[PDB]
Ligand SMILES: O=P(O)(O)OC[C@H]1C[C@H](OP(=O)(O)OP(=O)(O)O)[C@H](O)[C@@H]1O
Ligand SMILES: O=P(O)(O)OC[C@H]1C[C@H](OP(=O)(O)OP(=O)(O)O)[C@H](O)[C@@H]1O
Ligand SMILES: [Zn+2]
Ligand SMILES: [Zn+2]
Ligand SMILES: [Zn+2]
Ligand SMILES: [Zn+2]
Ligand SMILES: [Zn+2]
C-alpha cells in the first residue's frame, strides 16, 4: 500500500472470531478498538450459517455495520448466487437495508459475472 | 380385502399415507405439549430440467384435504404460472394439526404441476396446434384422471381417458388401435367397420402403418371412405423412424398427388418438445403420451417460514410471511407481507396479489372453477406473458 | 361426490379408466360380430435411459384385474429380471373381452417396474448398503403404497410410507423432520424430546443441519443422548452442497476427533446413482426420494402376436407365441413355443421356462408371495447374475 502511497484496506479474519470465542463479542471488539475511519464489515460465516450470523451482525452495531462479508467455503458453495440472495432477503425482511454484501473467496471472471 | 395397492379417499383424507416421522412429530409435540401457531410455505428451489416457469395444479384437491382442519390456507389460483422461491400455497395453524398432511398435499401439487407444465410446453412447441393426452397407459390407473385433468389444464385439447374425461365434464376422444385392424384381419375392412359402427360425430382418423408402409396404407385409407377420412395417423415404430419429418412429408405428397387434399396428418408416438419442434409445420394434430403423463414432479416442499409472528426458516429457505405481486406483463415480485405493492417495479403497471384465502379455519371459502375454464386461464397467461420454450 | 380425482377400485376393475378408442374397438367387434381367439404379448423395445435390464413388478395387481374374465394369463414371477423384446406377460382370448384392460394393466406393470428397476440400481450403486424409500411426497398419495411396495421389492430396506408399510407387512421407518426442531425452537431440546417420547425400538437419528453448520450441530447431537444417538442425518440443501463428499468426511472427523465413534452417517436429499457412487464408501445408510418414486415408467406395450394359432403382429413387433428360457447364469433366450430348450445355448447349463400360467379362464391359479419374499428374489438375482450399474 505504502510504496504506492495508499492505505491498505481489509476486513476481519476467521482467527479473530475464533480466538475471541464468540462472533458477536468479536465484531463488537473490532467496532470499539479499531479506528472509526475503518469501514466495518462483519465476517459472517464461521460456525453458524451465513443467514443466521448475518442478522446477528446486523442486530449488533446495527448502523455501524457497513457491510457483511461472504466467503462460503467451496465444500459449502452449492449456489453462491442463491446464497447471496438469501442473505439479502433475511436482512431486508428484518428491516436491515443499509448493509451491503461484500464477497471474497476463490473467484474469477466467470464466477463474478 | 383390497385388491390394489392404492389408498382410499378416506385413508388419504385421514393422513394414513404420510411418512411416519411426521406422526412421531405430532407425538413429541402433543405429549410434551408444544402447541403453537406457525405459517408454512410451499415452494420449489427449482423446476424440472431447470425450466424457467411451471403451471400450478392441484390447489383444489389440497383444499378438499385440509378441509375441516384447524388451519387457514391461502393460495394462488389453480393454473397460475409460477416460479422458484415463490410460495404457491401457505398454511397457518398449529403444526401439530396439519403437519401430518405434507406427504399428501405436496404429492397433490407436485405431480399435477409437473404434468401440466410439461403439457403447456408441448402446447407451445406445437405452435398451439391441437394436442391430445394419450399417456395414462404408462402410469397407475388409480391416478388416470388426475393425469388427464392435468394434461388438460396444461393445454391439451382432449383426453384419451374415459373416467378422466367425465370427472372434468369433457368427451374422451381417440382414434383406432392396432388390435382392431389386426383382429379384423384387414386394414380396409377395419376402418370401414369403424366408419359404419361408430357414431358420426366421431372424427374418423385411419390407423395407417400396420403391415404395409404408411405411404401405401395412407392412400388406401383415402380411396375408402374418401371424404369420411378426417385424418390419417402416423405412429411409425422407433425401429422404423429414420426421419419422421421426411416420412410425414412423403405421405402428404402421395396423398396430394393422388388428389386427396382434405385429409390431415395426425401423429403420435414417443415425442417431446424437440421432436415436435422439428415437425410442427407439417403435422395437423399431436398425440402425446409419456412426455406428459410420465412428466417429472415439481420438487415442492412445505417449510415453516414463520412461528408465532416471528420470521424463522431453516437453511436455504426464505423466511417470513409473504406475497407475490404480478403485473399484467408477467413480471412477478415476491415481497414481505409487511409491505404492499401497487406499481410494478419494472414497467410501471398495476400489480395484483396472488396469494388469496381459500380455507378459513377448515372452511373452504371458495367455489372451485371447472377444469376447462382453468385451462382457459393457463393458455391466456401463456400468450399474454409470451412464455418461451 | 368424489373429492379427489382418483379412480375407485371398482371403476378400475370395471374398465372405466381406459382410452375410449378401446371401447369403440369392442363396439366394432361386438356389433359387426368379429369374435376370435388371440394371444397378446406385453414387452418393451427399450428400458429407461437405455438401461440393460429392469425389474418386473405388478404381476399381482394385473391378475387381480383380469380376474373373472374369459382369458388365460401367463407371466413371469413378479420381481424377475427382464429385458427388451422378452414377453413379461401374455394373454389369450377374445380381444373383444380383455382389450378394454390395456390402459389399466400396462400402467400397473409400467410404473411399478419403473420404480423397482430404479431402486435396484440404487441398491447396487450403494454397494447393497441400506437404502430407505422417502419419495412418495413427490407423487399422488393415491399411489403412495404401490410406490413404497415397488421401492421395496426393488431392494429398499425400508419404507417411509405408513399405509404402504402395512399393506406389505412391514414397519414404516423414518427419522426427524425440520419442522419438529423448528417448532420446538431448539436443536438439542428437540432431539431430547424425541429420545424420551418415542419408543426405544426406534433408532434415533438426529437431524443435524438446521440453523448451524452440520459440523457444529453434529457434535451437539453427540454430546446429548451420546450412546442414544444411533446416527446423524445429513441432507445439506443444494445451495449449500459444495462438495457433499467433503462435507460428509468433515463430519466424520469432528466426531472421530471428539471421541464419538459409534454414530453413523445417514444421508438423504436429492440423490441418484452417480451421486451415491461418489459417496458410498463414507456413508452408512441412504435416504432416497424422487430418483425412485418419480422414476420413469417402462414403455410396456400390449401387442397381439398371434390370432387363431396364426403368427401375426404389426411392424416392429415380434410374432408368435413364445417362451423365455433362463439359465442359472442369467443368460436369457427367447424362442418360439413350438420348440423347447434344456441346454443353455451359451455356457451349457440347465434352463427353466419363465412364462407360467397365473390365470386360467378368469381363475387365478396361483398364490401370490408376500412383498419381502419377492424382494428376496430380486436381490438374489442381482447377485447371482452379477447385475451391473
Ligand atoms: O408418446 P407415447 O408415450 O409413446 O404414447 C402416445 C400414443 C402412442 C401409443 O400407441 P401406438 O403405439 O401409436 O398405437 P396403438 O394404440 O395401436 O397401440 C400410445 O398408446 C398412445 O396412443
Ligand atoms: O431425494 P429427494 O426426492 O429430495 O427426497 C429424499 C428425502 C429428503 C427430503 O427431506 P429433507 O429436505 O432432507 O428434510 P425434511 O424432512 O425435514 O423436510 C424428503 O422429505 C425425503 O426425506
Ligand atoms: Zn468463511
Ligand atoms: Zn403403427
Ligand atoms: Zn410489469
Ligand atoms: Zn437439512
Ligand atoms: Zn447360461
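Any read-out appearing in this document is the output of simple, stated calculations on the displayed coordinates, not a laboratory observation. So basically every Cβ, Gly included, is an ideal-geometry build from the backbone, and we count neighbours across all protein chains shown.
Let me test this: with uniform point scatterers at the alpha carbons of the stretch B:298-389, what is the Debye-based log₁₀ I(q)/I(0) at q = 0.11, 0.14, 0.16, 0.17 1/Å? Ignoring solvent entirely, the Cα scatterers give -0.47, -0.76, -0.98, -1.08. Within the stretch B:107-297, the ratio Rg/Rh, alpha carbon atoms throughout and Rh by Kirkwood, equals 0.97. To the nearest ten degrees, helix B:144-154 and the longest principal axis of the Cα atoms of chain B are 90 degrees apart. Each Cα pair under 8 Å and six or more residues apart adds its separation to the average, and for the stretch C:90-152 the resulting relative contact order is 39 percent.
Under the classification rounded if a/c is under 1.5, otherwise prolate if a/b is larger than b/c and oblate if not, where does the stretch B:59-98 fall, given a ≥ b ≥ c as square roots of the Cα gyration tensor eigenvalues? Taking the square roots of the gyration eigenvalues as a ≥ b ≥ c, the stretch B:59-98 is oblate. Structure remark: mean-square fluctuation, Gaussian network model of chain C, C-alpha springs under 10 Å; the largest value among C:287, C:54, C:259 belongs to C:259.
Report summary: the helix-based calculation at 222 nm, which adds -39500 (n - 2.57) for every DSSP H run with n ≥ 4 and divides by the residues of chain C, gives -10000 deg cm²/dmol.
Take every Cα pair under 8 Å whose residues are at least 6 apart in sequence, average their separation, divide by the length of chain C, and the relative contact order is 23 percent. Here the simple spin-label model places points 7 Å from the Cα toward Cβ, and for residue C:46 and residue C:380 these points are separated by 3.4 nm. If you take the Cα centroid of the stretch C:157-214 and the Cα centroid of the stretch B:246-284, the two points sit 56 Å apart. Using the Stokes-Einstein relation with a Kirkwood hydrodynamic radius computed over Cα pairs, the translational diffusion coefficient of the stretch C:1-106 at 20 °C and a viscosity of 1.002 mPa s comes to 140 µm²/s.
Model label points for residue B:348 and residue B:186, set 7 angstrom from Cα along the Cα-to-Cβ axis, are 7.6 nm apart.
Restricting attention to chain B, close to 70% of DSSP beta bridges with both partner residues there are antiparallel. Once you order the gyration tensor axes a ≥ b ≥ c over the Cα atoms, which shape class does the protein assembly as shown get: rounded for a/c under 1.5, otherwise prolate or oblate by comparing a/b with b/c? Prolate is the answer for the protein assembly as shown, as a/c is 1.5 or above and a/b outweighs b/c.
Counting only alpha carbon atoms, the long axis of helix B:102-125 and the longest principal axis of chain B meet at about 40°.
For the stretch B:107-297, averaging the sequence separation of C-alpha pairs within contact (under 8 Å, six or more residues apart) and dividing by the residue count gives a relative contact order of 30 percent. Helix C:371-384 and the long axis of chain C differ in direction by around 90°, with both axes built from C-alpha atoms. Between residue C:319 and residue B:246, how many nm apart are label points set 7 Å from Cα along the C-beta direction? Between residue C:319 and residue B:246, the label points sit 2.7 nm apart.
For the options B:95, B:21, B:325, a Gaussian network treatment of chain B with springs between C-alpha atoms closer than 10 Å singles out B:21 as fluctuating the most.
Given R₀ = 22 Å, FRET efficiency for residue B:1-residue C:367 by Cβ-Cβ distance, to 0.05?
Between residue B:1 and residue C:367 the formula returns 0.85.
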